[PDB]
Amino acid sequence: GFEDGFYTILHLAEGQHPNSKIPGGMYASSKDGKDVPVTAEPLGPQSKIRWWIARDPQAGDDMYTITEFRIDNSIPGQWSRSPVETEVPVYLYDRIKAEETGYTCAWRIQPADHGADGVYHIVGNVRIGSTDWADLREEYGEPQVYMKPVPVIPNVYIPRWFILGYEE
């Protein structure tokens, strides 16, 4: 499946062209740091929008971790969420914080029912009749990655992202 690597993760609104030229694309970002929700920002010389995504075999089949890039000597945080609640933020937690809170850091990264290459859903909790999908909302005047519950029925737009690796 999905290859381990160093990626950018671009939020895609319905109808948005992944390769679009109009500015404004918002990428998931670690700029707010550990212990708070993951936010988003556009391209810039001081952006923090690269993530190391790797398979985590111990978490199960097809599961991955999504870990921030750092240049210091601290343990990097990872996308983390409640394994029971929906409509909650995705937090950037290191493993000791994730263990303390009981949060899960395991994600599925599944290609959209035929959408373009690079277009994926980032899947959280799956329940009968409703699955949580990572998406972007505005909270307190700022972008925030969070878990949106959406039933998998015809015509509804399931949240997705354009995930591009380091090399073309």
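Note that residue numbering follows the sequence shown and begins at 1.
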Review point. Comparing 102-110 with 136-144, where is the mean C-alpha B-factor higher?
Key: 136-144
Exercise for review: Using the B-factors recorded in the PDB entry, average over the C-alpha atoms of 92-100 and of 73-81, then report which stretch comes out higher.
Suggested key: 92-100
Point to revise | Peak C-alpha temperature factor (PDB record), options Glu68, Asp35, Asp117, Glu41 | key: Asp117
Practice item. Please work out which residue in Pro57, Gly124, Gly129, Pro45 has the highest C-alpha B-factor recorded for this crystal structure. Key: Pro57
Review point. What third of its chain, lowest, middle or highest, does the C-alpha temperature factor of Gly5 fall into?
Key: middle
Review point. Split the chain's modelled residues into thirds by Cα B-factor; is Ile22 in the lowest, middle or highest one?
Key: highest
Check your understanding: With respect to C-alpha B-factor, does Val150 fall in the lowest, middle or highest third of the chain as deposited?
Key -> lowest
